[PDB]
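Summary of the model geometry
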Amino acid sequence: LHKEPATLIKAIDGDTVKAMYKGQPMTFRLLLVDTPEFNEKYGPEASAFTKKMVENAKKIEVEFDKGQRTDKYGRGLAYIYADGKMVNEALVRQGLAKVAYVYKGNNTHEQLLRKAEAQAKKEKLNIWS
Ligand SMILES: Cc1cn([C@H]2C[C@H](OP(=O)(O)O)[C@@H](COP(=O)(O)O)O2)c(=O)[nH]c1=O
Ligand SMILES: [Ca+2]
């Protein structure tokens, strides 16, 4: 996979971010994770985590997988990096997202994220507490 440029427009919630990509506004949904909704437990905390990460970065980048690049809602499906740190992995590692929606052909980082989730579960963090 390859990282491509994007510019933050707005952090929406724990697993969706609006960003400009190839000069057009896109809503991106993070691959391989599921954060709680804002009105659910840890929802506000996931939203804040993702917001801080993307807002504080000097740059964000998007990385598409090998498969589908948009979902049925027209959201971009990507791994998002904030100053080179993956948001999808960071959320899982802090127990603010579960590994989820693992579709074959768009699952390059599945094992990386499963290892993060095991660590968050061992530490009883957040969703795992
Ligand atoms: C993460 C992801 C979600 N989706 C679709 C499946 C779910 O459809 P349904 O809306 O029918 O439940 C929805 C979950 O997104 P959210 O967790 O943002 O609600 O997004 C994909 O199709 N591919 C993906 O890789
Ligand atoms: Ca969600």
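A brief look at the structure comes next. (Residues numbered from 1 in each chain as written, not as in the entry; some residues may be left out. Chains lettered and ligands numbered in written order. Heavy atoms only, no water.)

**A word on the environment of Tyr81**
Cut-off, in case you're wondering: Counting from the N terminus, the helices are DSSP H or I runs at least four residues long and the strands are E runs at least two residues long. Every residue pair with non-hydrogen atoms within 4.5 Å of one another is taken to be in contact. Any N or O atom pair separated by 3.5 Å or less is treated as a polar contact, with the protein-specific requirement of one donor-capable and one acceptor-capable atom, and with residues adjacent in sequence counted only for side-chain atom pairs.
You can see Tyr81 is positioned in strand β6 (residues 76-82). Distance in space between the C-alpha atoms of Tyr81 and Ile9 is 15 Å, their sequence separation being 72 residues. Sequence-distant contacts of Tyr81, that is, excluding residues within four places in its chain, are made with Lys3, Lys59, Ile60, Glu61, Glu63, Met86 and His109. A polar contact of 2.6 Å, which involves the side chain of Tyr81, links it to the side chain of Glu63.

**Things to note about the pattern of salt bridges**
Pairing between side chains of opposite charge can happen when their charged atoms approach one another. To keep it simple, the criterion reads: Salt bridges, as used here, are contacts in which a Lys or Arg side-chain nitrogen is within 4 Å of a carboxyl oxygen on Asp or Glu. Burial here depends on accessible area, computed with a 1.4 Å probe over protein chains only, as a share of the maximum for the residue type. Under 20% is buried, over 50% is exposed, and the range in between is partly exposed.
Going through the model one piece at a time under the given rule, you end up with 7 salt bridges. We note a salt bridge from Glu63 to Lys3, for which the minimum N-O separation is 4.0 Å. In this pair, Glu63 sits in strand β5 (residues 60-63) while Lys3 sits in strand β1 (residues 3-13), placing the two residues 60 residues apart along the sequence. Given a relative accessible area of 4%, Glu63 falls into the buried group. In this structure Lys3 comes out as partly exposed when scored by relative accessible area, which is 41%.

**Comments concerning the coordination of the calcium ion (ligand 2)**
Rule in force here: Each metal's donors are the N, O and S atoms found within 2.8 Å of it, except that Na, K and Ca use a 3.2 Å limit; water is left out, so coordination can look incomplete.
Protein-derived ligands of the calcium ion (ligand 2) are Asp15 (OD), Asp34 (OD), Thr35 (O) and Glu37 (OE), with the metal-ligand distances lying across 2.7 to 2.9 Å. Sequence spacing among the residues donating to the calcium ion (ligand 2) works out to D-x18-D-T-x1-E. With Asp15 in the loop between β1 and β2 (16-21) and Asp34 in strand β4 (residues 33-34), this pair connects stretches of sequence that are 19 residues apart.

**As for the side chain of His109**
Counting through the fold element by element, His109 comes out in the loop between β8 (98-99) and α3 (110-122). A polar contact of 3.4 Å, which involves the side chain of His109, links it to the side chain of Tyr81. Residues in contact with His109, not counting those within four places in the same chain, are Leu1, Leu32, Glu63, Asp65, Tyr79, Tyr81 and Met86.

**Let's talk about the pairing of β1**
Operational definition: Pairing between two strands is assigned when DSSP locates at least 2 bridges connecting them.
Examined bridge by bridge, β1 and β5 share 4 bridges and lie antiparallel to one another. Bridge assignment links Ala6 to a residue of β5, and that residue is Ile60. Summarising the sheet, β1 and β2 pair through 5 bridges and their orientation is antiparallel. The residue of β2 that forms the bridge with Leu8 is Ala19. Here β1 hands over to β2 after 2 residues, the two strands then running antiparallel side by side.

Interpretation in functional terms is not warranted from these geometric data alone.
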